Structures are given as structure tokens and as C-alpha cells.
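**Student:** below is the structure, and that's it, no one-letter string:
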Ligand SMILES: Nc1ncnc2c1ncn2[C@@H]1O[C@H](COP(=O)(O)OP(=O)(O)O)[C@@H](O)[C@H]1O
Ligand SMILES: [Mg+2]
């Protein structure tokens, strides 16, 4: 159907936009993982200085 | 119709795939943000101890 | 057996069996009698189309919601809606299933008592329980603390909870919600020439609001930009053609949430009633409430609200506290998912209001220990 055709096209476009946000969330995940590792290391050094 | 049928099915599968991806990535971003914040609280504890 | 997790709401009735992920049947709660005369004989014309059937024949009906602001104003229509929900959208007789309705905070008692009396006398359920619409939305997030802003379509209420202990003196219920935003959008569309008056065209304005409107991060800058460029004007095709172009009406409709002076309401926006609700709490649980602010309800689905609200609260709150706004993608059905989780618990299985208890104490049992 023509309207179902437009709807399916719009939904697939919405899927692709969700995939673009999937990319952005992947970037957030990776950078925050770097942050997690850096925090582990910095906390270790801070506790050592405490000792 | 058959053309519309295939279009509809493919768009629906793509939409569901994108939704699942973005949802799981949202869960991941939640987890990594939790990592960051809890590490920050450790940082504050260490700062207080050292001072 | 399984429990029926119904959720009356105001604008969309969401129902389904306990233990699933999404409601089984979601349909608008409108009952519309026909208004014209009708000349074809034997067409099988009914006297009232309810639910999703009246959103397809809305051209010749006069739709009227049976729930105004949380409270129920037309009990016969609400009974009709419930009967439809049980028998045609789920096809399970209520004689063999417990029910778990939901109710906004600070609602009139008579509404709740009449609800339980109907459920026990007309539909004759085995046992029913009424729960506050915000605790469920807190269940669904998997938290146990946090202050939840459940901006539905009827009424926006803001219930803070800590460690499972609700704070009854800090509930701030405000009656601005999605319906008032629909009316205000329908009122500001007249500034371009488009006049929607009929109760059927309110649905078209609602669709415009859902598909186009968004919340501006900064209001004055957007007002200045929309008045110079034309990068915002998005067009939309009515149910008959004649596309319309929405200019700066896009972010002015949902801005009413943060400035209720637009529709003449005195109170402060949803950005400041949350901060006031927090400040009424004790001084030692304010950090946790700041960090676990939860959004729910349909009207909080505007694109860009989770950033505007965070910016506003960060402006109001002390600079040291961290402000975090939980906005799950399944916001609309958050209350119902929480209701399913609560009904699926084993510890909760003895809190239902059993029918023999109602027979002994009357409808006023709901205010008693079985809350
Ligand atoms: N995607 C959306 N974008 C903007 N507004 C929406 C969206 N979906 C629903 N709404 C608004 O929310 C209302 C539905 O809210 P809902 O959570 O169903 O209320 P209730 O608490 O009664 O169930 C609708 O009337 C509509 O105005
Ligand atoms: Mg609701």
C-alpha cells in the first residue's frame, strides 16, 4: 500500500537514525570506558599516596 | 503488493534491529556512566584522605 | 491464575496480563455517540463506539473523554470503557482474574471508592488493588529511591521516595498536562489561519503536537532564530490534503510546561515544582533525590526535554550536587511495566482486597490497611 509504503520507508529511516545514535552511544561507551580505566589507575595512585 | 510486502517486511526488520541496538547501547551507556560516577566518589574519598 | 494489570490513565487505556513486557491492548479512552440523523436502514449502526473504533468513525461522532483530570466525571462511560477493555480487547472474563488499577495521588476519595464498588459489583472480580501511579514508575526503573515526575495526559504529579519510604508531605500535584498543551496548541495555531474547533479535530491537533513539537533548550534564542531564518518550518499533511506549515508554534506549545503562565495558570513550571518537592524533603536525602530524578508518563516524550529540565534544575540546585535525569526509552508504558512487576511479586500476593473483606466492611475498605 502507498501509505504503508511511506510508513515502512519512514520506519526504516527511523531505524537508521536510531543507528546513528547507536554510533554516538558507541562513542560515549568507548570514551567512558577510557574514563573508567583512568579512574581505576588514578584511584590506585591516590590510595598509594595515602599509604 | 508483493513489492510492498517485501518493502514492509524489510523496513520492519530494520526498525526492530535499530530499536534493539539503541536500547542495549542505552543500557551500556548507563553502566559506563555508573562506572564514572562511582569512580568519582572514590576520587573524593581519596582527596579527603590525602588532605 | 494470572492478574490483570489495567491502567485507566486519561487519554490512553493500557492493559495486559501481569508478567509481560508491554501492554497487550492500548487504545484511546473516548466514547462517542453519533450526532447526525442516519438514513441507511439496516446498516447496523450502534449507539456508542468506544475505544479505537471511535478513532476511525470520528468524522460523524462527538468524542468525549470520561476522565477529565485524573478524576472520573462520567461513571456510565467509564463503566462502558472497562467493559470493552475486559471483553473485546483482552477477551478474558473478569470472574477469574485479579485486577490492579492505578490512581493519581491526591484524588478524591469518592472516585476510588466508586471504582472499587464497580469492580466488585458489576464485573465481579475476585480481588482488586489500587496503586499510586508514581510508585509503579519507580518500580519499572529498577530503583528504590528517587523522585519521579509522572507527567501524564490528565495530571502531572511529582512523588519523592527514599529507600522505599514515601514522603506524603512532599507530593506536588499540578493539573497541567498533555490535554492543556493540546488545547493551547489548538489556540495558537489560529495565528496562522488554521482553525480547529470540532471535538474530532482535537485529535488532529494532538497528532500535530506528537509528531512536530519539541522542547527548546533555550527559549529566547529559539524565538529569535525562528523569527529570522526559516529552518524550523516543518510541514504536515492534514487528513484531506492542504498541508500546513508550523513555524515557531513548534517549541511554544510544550514550553507551557516550564512557564504555566502561558495558559494563565499561576503555578511554577515542572522545572521548579521538582526542586520545591525536593526542598521539602529532609536535608540528608536531597543528594540521592538530586542524583536519581526519574521521568515518566507520556508527555515527557518531547524531543529535548531531558536536557532542558537538567539545565533548569542545575541552575536552581547548589553547584556541588550532581543532577542526573533518568529518561528510559520506554517512558510511555513505564507505569504499566512497573504495575506488571508489582503484580508478579510473591511478597505482594497477600495485599489484594479479597472479596469477602469487601463484603464485611463495604467500599470504604480501600482507605483501610489494604491501601
Ligand atoms: N511521542 C509523543 N510525543 C509527544 N507527546 C506525546 C507522545 N506520545 C504521547 N504524547 C502525549 O501524551 C499523552 C498520553 O499520555 P499517557 O502517558 O498515555 O497518559 P496516561 O497517564 O493517562 O496514560 C497524549 O495525550 C499525548 O498528548
Ligand atoms: Mg499515567
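**Tutor:** Cool, got the structure. Residues are numbered from 1 along each chain as shown, chains lettered A, B, ... in the order given. Ligands and ions are numbered 1, 2, ... in the order given.
**Student:** what sits against the residue nearest the centre of chain A?
**Tutor:** Of all residues in chain A, the one closest to the mean position by Cα atoms, centre = their mean is residue A:25, 1.8 Å from it. If a contact means Cβ atoms under 8 Å, 6 or more residues apart in numbering or on different chains, then residue A:25 has B:22, B:25-26, B:28-29 as its contacts. Bear in mind the C-beta positions are built from the backbone N, C-alpha and C, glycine included.
**Student:** which element is it on?
**Tutor:** helix A:2-50 (DSSP states H and E).
**Student:** ok and that helix relative to helix B:2-50, angle-wise?
**Tutor:** Calculated by axes from the mean of the first three to the mean of the last three Cα atoms, to 10 degrees, helix A:2-50 forms an angle of 20 degrees with helix B:2-50.
**Student:** what does stretch C:334-341 rub up against?
**Tutor:** Contacts of stretch C:334-341 (Cβ under 8 Å, 6+ apart): C:5, C:7, C:9, C:14, C:16, C:18-23, C:100, C:102, C:131, C:133, C:135-141, C:150, C:296-297, C:328, C:330.
**Student:** hang on, I meant stretch C:197-217
**Tutor:** Under Cβ under 8 Å, 6+ apart, the answer for stretch C:197-217 is C:55, C:58-59, C:61-64, C:181-183, C:185-186, C:189, C:196, C:222, C:234, C:236, C:238-239, C:244, C:246, C:249-251, C:253-255, C:257, C:302-305, C:307-308, C:311.
**Student:** residue contacts, the residue of chain C at minimum distance from ligand 2?
**Tutor:** Proximity of chain C to ligand 2 (Cβ to the ion) peaks at residue C:152, 3.7 Å away. With contact taken as Cβ under 8 Å, 6+ apart, residue C:152 is in contact with C:9-11, C:104, C:133, C:177-178, C:297-299.
**Student:** run the last query once more with 6 Å
**Tutor:** Neighbour list for residue C:152: C:177, C:297 [criterion: Cβ atoms under 6 Å, 6 or more residues apart in numbering or on different chains].
**Student:** how far is the helix holding residue A:25 from where the chain is centred?
**Tutor:** Mean-position distance between helix A:2-50 and its chain equals 0 Å (Cα atoms, centre = their mean, to the nearest Å).
**Student:** can you tell if it touches ligand 1?
**Tutor:** No - judged by Cβ under 6 Å from any ligand atom, helix A:2-50 stays clear of ligand 1, getting no closer than 12.1 Å.
**Student:** could you do stretch C:203-218 as well?
**Tutor:** Yes - counting by Cβ under 6 Å from any ligand atom, ligand 1 has neighbours in stretch C:203-218: C:206, C:209-210.
**Student:** give me the buried positions along that stretch.
**Tutor:** Within stretch C:203-218, the residues that count as buried by 16 or more other Cβ atoms under 10 Å in any protein chain shown are C:203-206, C:208-209, C:212-216.
**Student:** quick one: those residues as TSV, columns for secondary structure too.
**Tutor:** Output for those, formatted as TSV (DSSP: H, G, I helix; E, B strand; the rest coil):
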residue	secondary structure
C:203	helix
C:204	helix
C:205	helix
C:206	helix
C:208	helix
C:209	helix
C:212	helix
C:213	coil
C:214	coil
C:215	coil
C:216	coil
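**Student:** re earlier: can I get the residues of stretch C:203-218 next to ligand 1 in CSV including distance to residue C:291?
**Tutor:** Below are the residues of stretch C:203-218 next to ligand 1 laid out as CSV (distance: Cβ to Cβ, whole Å):
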residue, distance to residue C:291
C:206, 34
C:209, 32
C:210, 31
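**Student:** what about residue C:235, which SS state?
**Tutor:** Of the three states, residue C:235 takes strand under three-state DSSP.
**Student:** count of neighbours near it?
**Tutor:** 9 (other Cβ atoms under 10 Å in any protein chain shown).
**Student:** which residues are in contact with it?
**Tutor:** Applying Cβ under 6 Å, 6+ apart, one finds that residue C:235 lies in contact with C:243, C:245.
**Student:** give me that answer again for 7 Å
**Tutor:** By Cβ atoms under 7 Å, 6 or more residues apart in numbering or on different chains, the contact list for residue C:235 reads C:243-245.
**Student:** ok, now how distant is it from chain B?
**Tutor:** As judged by Cβ to the nearest Cβ, to the nearest Å, residue C:235 and chain B stand 23 Å apart.
**Student:** follow-up on the earlier one: any of the contacts of stretch C:334-341 buried? List them.
**Tutor:** Buried among the contacts of stretch C:334-341 (16+ other Cβ under 10 Å): C:5, C:7, C:9, C:14, C:16, C:18, C:23, C:100, C:102, C:131, C:133, C:135-141, C:150, C:296-297, C:328.
**Student:** phi, psi of residue C:329?
**Tutor:** phi -60, psi -30 (degrees, to the nearest 10).
**Student:** test my guess that it contacts residue B:24.
**Tutor:** No - Residue C:329 is beyond contact range of residue B:24, at 10.9 Å (criterion: Cβ atoms under 7 Å).
**Student:** please, where are all the helices along the stretch 151-300 of chain C?
**Tutor:** For the stretch 151-300 of chain C, the helices defined by DSSP state H, counting those that start in this stretch occupy C:178-188, C:201-212, C:219-226, C:249-252, C:270-279, C:286-291.
**Student:** now render those helices as TSV, adding distance to residue C:113.
**Tutor:** TSV is the format used below for those (distance: least, Cβ to Cβ, whole Å):
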stretch	distance to residue C:113
helix C:178-188	25
helix C:201-212	31
helix C:219-226	43
helix C:249-252	41
helix C:270-279	28
helix C:286-291	32
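**Student:** closest one to residue B:38 among these?
**Tutor:** Distance to residue B:38, taken as Cβ to Cβ, is lowest for helix C:286-291 among the helices of the stretch 151-300 of chain C, at 11.3 Å.
**Student:** buried residues, that closest one. List them.
**Tutor:** C:286, C:288-291.
**Student:** give me the residue at the spatial middle of chain C.
**Tutor:** Residue closest to the average C-alpha location in chain C (Cα atoms, centre = their mean): residue C:152, at 2.6 Å.
**Student:** what about that residue, distance to residue C:225?
**Tutor:** The gap separating residue C:152 from residue C:225 is 31 Å, by Cβ to Cβ, to the nearest Å.
**Student:** between the two ends of stretch C:39-47, how far is it?
**Tutor:** From its first residue to its last, stretch C:39-47 covers 15 Å (Cα to Cα, to the nearest Å).
**Student:** nope, stretch C:162-175 is what I was after
**Tutor:** Distance between the two ends of stretch C:162-175: 24 Å, counting by Cα to Cα.
**Student:** residue contacts, residue C:250?
**Tutor:** Per Cβ under 7 Å, 6+ apart, neighbours of residue C:250: C:212-214, C:232, C:234.
**Student:** and for residue C:17?
**Tutor:** Residues in contact with residue C:17 (Cβ under 7 Å, 6+ apart) are C:2, C:4, C:24.
**Student:** surely the first one is in a helix?
**Tutor:** If I follow you right, that is residue C:2. No - checked against three-state DSSP, residue C:2 lies outside a helix; its state is coil.
**Student:** how many other residues sit next to the residue in chain A that ligand 2 sits nearest to?
**Tutor:** Going by Cβ to the ion, ligand 2 is nearest to residue A:14 of chain A, at 24.6 Å. Per other Cβ under 10 Å, the neighbour tally for residue A:14 reads 15.
**Student:** much appreciated, bye for now.
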